[PDB]
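Trainee: build me a model:
(chains A, B, C, D, E, F, G, H, I and J)
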Amino acid sequence: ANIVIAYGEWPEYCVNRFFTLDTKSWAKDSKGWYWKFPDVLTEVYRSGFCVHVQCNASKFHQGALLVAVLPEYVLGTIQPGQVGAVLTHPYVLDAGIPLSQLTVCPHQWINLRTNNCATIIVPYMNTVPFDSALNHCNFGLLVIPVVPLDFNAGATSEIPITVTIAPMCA
Amino acid sequence: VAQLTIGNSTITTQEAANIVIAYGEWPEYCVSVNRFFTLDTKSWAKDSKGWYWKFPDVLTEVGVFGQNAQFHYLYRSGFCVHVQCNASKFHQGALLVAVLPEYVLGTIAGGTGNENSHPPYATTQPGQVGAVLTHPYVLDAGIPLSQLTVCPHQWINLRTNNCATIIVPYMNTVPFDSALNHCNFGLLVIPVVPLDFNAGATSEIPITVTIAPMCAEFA
Amino acid sequence: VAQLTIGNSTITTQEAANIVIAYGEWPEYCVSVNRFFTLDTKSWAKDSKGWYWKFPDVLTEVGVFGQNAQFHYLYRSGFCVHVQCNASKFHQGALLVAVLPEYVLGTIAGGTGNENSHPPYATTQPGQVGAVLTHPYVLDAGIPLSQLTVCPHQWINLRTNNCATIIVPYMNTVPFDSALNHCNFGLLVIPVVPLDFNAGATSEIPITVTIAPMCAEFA
Amino acid sequence: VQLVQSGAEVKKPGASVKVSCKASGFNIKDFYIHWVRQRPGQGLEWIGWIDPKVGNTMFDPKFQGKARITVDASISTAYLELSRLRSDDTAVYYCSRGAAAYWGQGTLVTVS
Amino acid sequence: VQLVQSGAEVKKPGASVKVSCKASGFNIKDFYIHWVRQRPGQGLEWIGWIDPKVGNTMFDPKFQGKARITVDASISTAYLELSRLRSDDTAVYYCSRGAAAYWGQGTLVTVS
Amino acid sequence: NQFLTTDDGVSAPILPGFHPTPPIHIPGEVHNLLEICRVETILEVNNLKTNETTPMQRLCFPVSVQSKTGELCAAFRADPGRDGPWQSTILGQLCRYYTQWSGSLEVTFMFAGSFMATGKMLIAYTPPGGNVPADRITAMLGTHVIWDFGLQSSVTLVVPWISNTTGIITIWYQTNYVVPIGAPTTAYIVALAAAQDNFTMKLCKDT
Amino acid sequence: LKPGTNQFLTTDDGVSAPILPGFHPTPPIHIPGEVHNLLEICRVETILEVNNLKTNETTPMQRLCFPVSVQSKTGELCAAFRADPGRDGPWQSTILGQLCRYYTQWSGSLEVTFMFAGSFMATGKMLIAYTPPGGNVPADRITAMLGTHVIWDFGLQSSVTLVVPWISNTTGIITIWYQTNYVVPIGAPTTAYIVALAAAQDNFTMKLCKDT
Amino acid sequence: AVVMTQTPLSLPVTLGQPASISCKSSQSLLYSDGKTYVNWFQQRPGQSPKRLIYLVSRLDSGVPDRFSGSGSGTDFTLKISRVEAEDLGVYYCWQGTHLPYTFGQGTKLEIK
Amino acid sequence: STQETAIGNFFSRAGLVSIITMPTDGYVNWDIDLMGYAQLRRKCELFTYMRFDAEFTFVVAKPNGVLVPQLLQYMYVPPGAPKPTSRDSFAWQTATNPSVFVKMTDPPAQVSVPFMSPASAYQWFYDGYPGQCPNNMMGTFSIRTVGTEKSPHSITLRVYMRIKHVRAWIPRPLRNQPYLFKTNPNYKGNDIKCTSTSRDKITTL
Amino acid sequence: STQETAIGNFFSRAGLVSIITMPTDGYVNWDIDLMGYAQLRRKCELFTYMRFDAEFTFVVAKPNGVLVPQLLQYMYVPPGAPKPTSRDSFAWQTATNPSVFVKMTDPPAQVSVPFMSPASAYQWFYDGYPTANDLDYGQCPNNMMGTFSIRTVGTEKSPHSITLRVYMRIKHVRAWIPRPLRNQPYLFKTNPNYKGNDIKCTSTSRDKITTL
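Mentor: Residues are numbered from 1 along each chain as shown, chains lettered A, B, ... in the order given. Sure, structure below:
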């Protein structure tokens, strides 16, 4: 029951299954991942989304994640679908936005000490009420390991991260 | 005779309603401090020129009035002064006790020490003992003594009365302030008519100052 | 979790009603003092013997509890202690926290210095850091540990709970007293079951003491 | 009239020392007592003086926090209390009344 | 290891002086520091020692009020502050750690 | 199309987004300048030529036992605009900032001798366009008060009207100065001056 | 025709003639997240950069969290930083310290929250102490407790909040003291990190706009 | 944040010829009050420093009157008539106008 | 109070956006531009959807700042209309492109232009392809002298611009890296200037 | 009547506060202060706390008394913003500083500026030091209205030399706590020093006390 509604607006109106993406392995020296949203759904109008991020880890690992959505995320010189894509220089994300101020957007912390679930409800946000899908991307979800992973030797080396998306009356 | 006592101290004062409230405003607001702190006695000689004390630095060292409040240092306080001169009935003279707000002493003194190896700085916190004035006619600033009576004042004429009390409220642009830097007002005591006595009597007449704060807030 | 705060300090305590009131009497009577003074952390090693602090000398230097009241030095106060031991779930051991009134340590220590040129005197005011016991089985007096539980006590078993609070009222023949000479009671913490842990983990478990006076009067 | 001082000291980083300055003949409450420094192989520096009458003490911006000058009227001393030493604070320290009359001998301190 | 002290002083009756005792080599917080007196032409007397760890100071009944011993850990001193001097207080004063190891030189005081 | 110097009007603000600090009640607010001209200030009647060296003696004029009865002691005109004694008061400095003034004044004196002194003095005022008196008997015929400094220590004399040749105030000896053995010989009298309620000034000018 | 006319004031408002009077622009549509005041932006928690050492310009990802370890004795300090969002140092990295460049004077109260990030089996206590402005940094722990402080225990909760009473236009110093040593069992990691956060309270306001 | 500069390095000198060491500033060293304030100090290798010049051009118990100094406003200088052996050492500028008192870079006197 | 930090005060004050120099082709086509000088850019990007109209002002003088009684014309084209290409082109007589005719010795001109996006708000950040740039343009201005032959007076001018009736719709983080181009948020790859300054030890005051 | 002597009619007249000459660096930074021409100073000193806004006016013409068009610019900096340092510095294009653009042949400009003290009233007399304990030497407070900056518009230098005068009114005055006047001549612009050796007495002199 730790849901967060982006900008305080539930998605109101005027396929309904949990599509679960591939599992991304969090290594010891990874830098982070990001998915542009309409596109991920595409390979696998006016629509909302519902995203769940969960990290099944033990009680002897440590680390912290920062899950935050970001509308109209445009990147520095480098459309990833299911797999996603890695970051190049995490500190600046890719537009020089400092990571430090990413929390001005809707966000949720995944601390491995306490909780392993984070859900964000995001409504539709665009200048026009309807548009095309294959050209435009509305927002981007970012997962960045602000505090690095650590474990003693002999445990599992890669902690899994699972994302699940669910449309809201497209 | 009246034994006015509040808290720990006890003083004796006459039954005279010759108080003067500075600018017609009582000190209004919004335990071990409301007591009569009596300063050192200054001796009035035959050719003395005058003394001055600055406020509220006068109760900083002695007393705990400016004790750092470890929470924050916002303070706001009024005062109640008492000047009295115990003379006989064969002496003569006149004093002028007046509080002038925001006094600035342009004159400079050498201070305690230099060897022309720094510019000699100046002291503007006499503190407990006060300090003598240099040129009275100008009051160490350009103001003329003549016009000193435009501020709150009271005359001490040795012929008639030996008491002068002034109630002074808080007067500053901001409601609270950091104490050590600032100094709100200055009390001055100037012998406008000089002392005289025929030879044989006592040569120095004493002057006693008594201060009492009025609900110094710290909130 | 509960953030108990009174005045300036703020501490975190469990939601357990495992308090013990010494002799069934709350401290009853007839501003900047009712706060949680937390002492130094004592490290419980593998072969330690026990620690003791005496009261109310424990809050004399730190704090202002015994500040001379320039009126008179009649005081009367109770206390509220808090012992807690932050250990993991792979350590094991047991502590015994008990307040024994009127403790007298017969044993003597050399103290800091002599050259067999005065009889070596003894210290009975450990104060802030406390002091180690010498022979636990007898508690530096002849009393047997076995029977220590006849006083107000509480067990700290690392398997189950890590908190122990004792409310202790004022207990003396006279209603008020001169503080520096006297010492009312002594808190003792004795490892009756020794600590053990398999090699590799942390070697010293910490112990934290928190004191809070209950309306120390001065009237 | 001479200002004699303490001996040298060898310390570790993060510690706090205090040198001493004896007065002799002249009264301590009259002159300002300055304090200067010399890093080895560097030109003279300045820390701050003290007004012994009332207690006005003022320092160079650089050592604003670190230093602390106090005076005692009974035994006629002048202490300079450094604190939080780094590897840069190895130097000789001198106390001198005003500039001209006298200065004292150098007191080398070691932090290594 | 030696205890060096201050110089002589000439004072007036009713004043208050304080002699000093330097430590050297040995740490100041370990041994007691006694203080003894010798009136000219009279046998050694005793004033009181000090416990430098916590601050226990105790005096002979005679000088109960007059004397005051303090210790400083930083500069390693030991002060004996007399007060309210009479014509009887002209004597040499010594500071010594315990009795045997060392004592310091005599410091004569004059009240006339 | 001109920059009249003394014209008012609404001018465009340089910082429209600025919201200044709201006021706080501080004591002693003054609305009119006539609150300043109603307080008693020291006159300088003893402004002799031998006082520029030590100007502290300029504030009080003496009385003594070496003076015979019935001799003029001191005198001065009553006009706050001209030079002389009225330059030293707060009224005479604020009357340099205006052109025309009118109204009534008041002058109070204050004895400062010992408690054992006794005697009388006559404060006489002549109207404008008259003449200074020659002796005491022609001075008592005009407006006067008889100050006795054995009963009260301060007396007040009110000047009826001044405007824009003026009045002359004289201090006559009525009896000689009487003192007992041990009392001092000479005493001083300090003067004070302020305006009444009906004093107004009517045109601005610089000094 | 009064004086002051025929001039071009830069910061004056007024009605100016439109270039296309026949044009009717697009009517608005409700899109979520409209912001009216800039103080909605200065009330969200952002990451502080307390570990801004000189050896982090190469890999700046380590600059966001400061470590705690078992090799530290009890009673010693861990970190310290001043509390003024206008100056340089750690407050440059937050959203409050960037919007305070754009105004001259500010006042009000702040809040700083921390968040532990170690394993579930770690236990210990730390003391968050704040000294008022015009005071001095404490020398050891026993003089730090006497001021305003909270005792954070990271075996019970993982996030604690410390509120700064008042700042305006010498400032406060926040210190992180060790109360007990770090306790871990066999198999848990050795070091852990603490991430800091900072935002303003409701009574924070600014005035006199300036340019950076 | 005032700075001072001195004629650089060393002016090698011989027995009897002038030296003319110069010192230049960043802003005028004249106080509001009429006096302008500079000082010159000399330190012999292995001893505490000593004062040489008073105000801008006056001497105090410096027996050689050789040391003469002169200048005003931005520039200041010391002209010596004949450099005796005693005169070898280092030389500094001290300035009093602004709060951060400044000591000079330091020069050297050498034989050729 | 709270009114000084509102969204209306944070963009009200005017500023220059461009400097136009015409020395002795005879015309210039200054495009509309808000990402032109740097300062505004940072401020603007604090949000991702803005909506506002503008109010321009052209101050004109010779390069040594002395006025000459000479005529000018500031032709304004809307989005979609073709721009002029010569000093004597066909576009200068087109009625649908409004223009002002002001002398040089007169007070400066003042023109307001409403926002003409086909959408409901401007976008400073577009993710898709129309390239990674959207289609928001507010036209261009065209400045030339009036006549057939060349006027013997070189002129320069500055264009100031206010912003009225602002509203913003989603907030975003700021920018710390220096800019590189006018349309895309690139940054220097090899070296990254960390946002804060630095100290030597964490336990310093 | 009694209205002529009110506080409002005691400061209502306009008077020039400074003369600015730019002959043939190209810019000047005239600081603002009521102080600077003596007459006003003494008048203001009548009270110790004043509160008022101002209204300036700039008349401009060549030294010789003839006019020539040269667009000028009077940039105004608020308190705290950095001042310009060169003719082509970065400050001249800063939006936050407002400016007027007026022609020499036009009527004179008129600008009003509201009072911008962080406190509630101005202080002509401050007793302490600018800085809890005293830290530095000085007897001046922190109150100012910021400077004006005047330069010609263009890239190269103007052909003509220009001079200007700045007149200033004061409006809506309120005052507090009256004090005595000043008789000794002034010596500096910031501190109330006086000449020590000789003191000019207040009045003139006569020969005998009994003269008419």
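Trainee: show residues contacting stretch F:56-70.
Mentor: For stretch F:56-70, the external contacting residues (CB atoms under 8 Å, 6 or more residues apart in numbering or on different chains) are B:136-137, B:145-146, B:192-193, F:42, F:44-48, F:51, F:73-74, F:112-113, F:121, F:135-136, F:172-177, F:179, F:185-191, J:201, J:203, J:209. For the C-beta atoms, the positions are set from N, CA and C on the backbone; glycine is no exception.
Trainee: these two touch, right, residue A:57 and residue A:159?
Mentor: Yes: using CB atoms under 8 Å, residue A:57 and residue A:159 qualify as a contacting pair, with a distance of 4.9 Å.
Trainee: Three-state assignment for the residue nearest the centre of chain H, please.
Mentor: Taking CA atoms, centre = their mean as the criterion, residue H:40 is the residue nearest the geometric centre of chain H, at 3.6 Å. Three-state call for residue H:40 (DSSP: H, G, I helix; E, B strand; the rest coil): strand.
Trainee: wait, isn't it in contact with residue H:89?
Mentor: No: Residue H:40 sits out of contact with residue H:89 when judged by CB under 8 Å, with a separation of 11.5 Å.
Trainee: which neighbours do these two share?
Mentor: Counting by CB under 8 Å, 6+ apart, residue H:40 and residue H:89 have no contacts in common.
Trainee: could you find the closest non-adjacent residue to residue H:39?
Mentor: Spatial nearest neighbour of residue H:39, chain neighbours left out: residue H:94 (4.2 Å); criterion: CB to CB, 6 or more residues apart in numbering or on different chains.
Trainee: was I right about that neighbour contacting residue H:102?
Mentor: Yes: Residue H:94 lies in contact with residue H:102 (CB under 8 Å); the separation is 7.3 Å.
Trainee: residue 107 pairs with what?
Mentor: Assuming you mean chain A. Note on residue A:107: beta-bridge partners residue A:68, judged by DSSP bridges.
Trainee: chain H is the one I meant
Mentor: With DSSP bridges as the criterion, residue H:107 is bridged to residue H:91.
Trainee: for residue F:48, same thing?
Mentor: residue J:206.
Trainee: number of residues surrounding it?
Mentor: Counted with other CB atoms under 10 Å in any protein chain shown, the neighbours of residue F:48 add up to 16.
Trainee: so what's it up against?
Mentor: Counting by CB under 8 Å, 6+ apart, residue F:48 has contacts F:58, J:205-209.
Trainee: how about a cut-off of 10 Å?
Mentor: Applying CB atoms under 10 Å, 6 or more residues apart in numbering or on different chains to residue F:48 gives the contacts F:57-58, F:61, J:205-209, J:211.
Trainee: any idea how far it is from residue J:197?
Mentor: 21 Å (CB to CB, to the nearest Å).
Trainee: likewise for residue F:145?
Mentor: 44 Å.
Trainee: just checking, residue A:12 touches residue A:48?
Mentor: Yes: with contact defined as CB atoms under 10 Å, residue A:12 counts as touching residue A:48 (8.8 Å).
Trainee: phi, psi of the closest residue to residue D:22 other than its chain neighbours?
Mentor: Using CB to CB, 6+ apart and skipping the chain neighbours, the partner closest in space to residue D:22 is residue D:4 (4.7 Å). With angles defined as degrees, to the nearest 10, residue D:4 sits at phi -90, psi 150.
Trainee: give me the neighbour count for residue D:4.
Mentor: 12.
Trainee: show me what contacts it?
Mentor: For residue D:4, the contact set (CB under 10 Å, 6+ apart) comprises D:20-24, D:95, D:104-105.
Trainee: any of those buried? List them.
Mentor: D:20-23, D:95, D:104 (16 or more other CB atoms under 10 Å in any protein chain shown).
Trainee: which one of the residues you listed is nearest to chain F?
Mentor: The shortest approach to chain F among the buried ones among the contacts of residue D:4 belongs to residue D:23, at 41.2 Å (CB to the nearest CB).
Trainee: quick one: contacts for the closest one?
Mentor: Taking CB under 10 Å, 6+ apart as the test, what residue D:23 contacts is D:1-4, D:29, D:31, D:33, D:52, D:71-73, D:75-78, D:95, D:97.
Trainee: the residue nearest the centre of chain I and residue I:20, how far apart?
Mentor: By CA atoms, centre = their mean, chain I has its centre lying nearest to residue I:33, at 3.3 Å. Distance of residue I:33 to residue I:20, given as CB to CB: 12 Å.
Trainee: up against chain B, what does chain D have?
Mentor: Contact residues, chain D versus chain B (CB under 10 Å from any CB of the partner chain): D:29-34, D:49, D:51-56, D:58, D:96-101.
Trainee: now list the buried members of those residues.
Mentor: D:31-34, D:49, D:51-52, D:56, D:58, D:96-101.
Trainee: so residue A:103 belongs to a helix, correct?
Mentor: Yes: using three-state DSSP, the assignment for residue A:103 is a helix.
Trainee: burial check on it, number of neighbours?
Mentor: Using other CB under 10 Å, the number of residues around residue A:103 comes to 21.
Trainee: okay then, goodbye and thanks.
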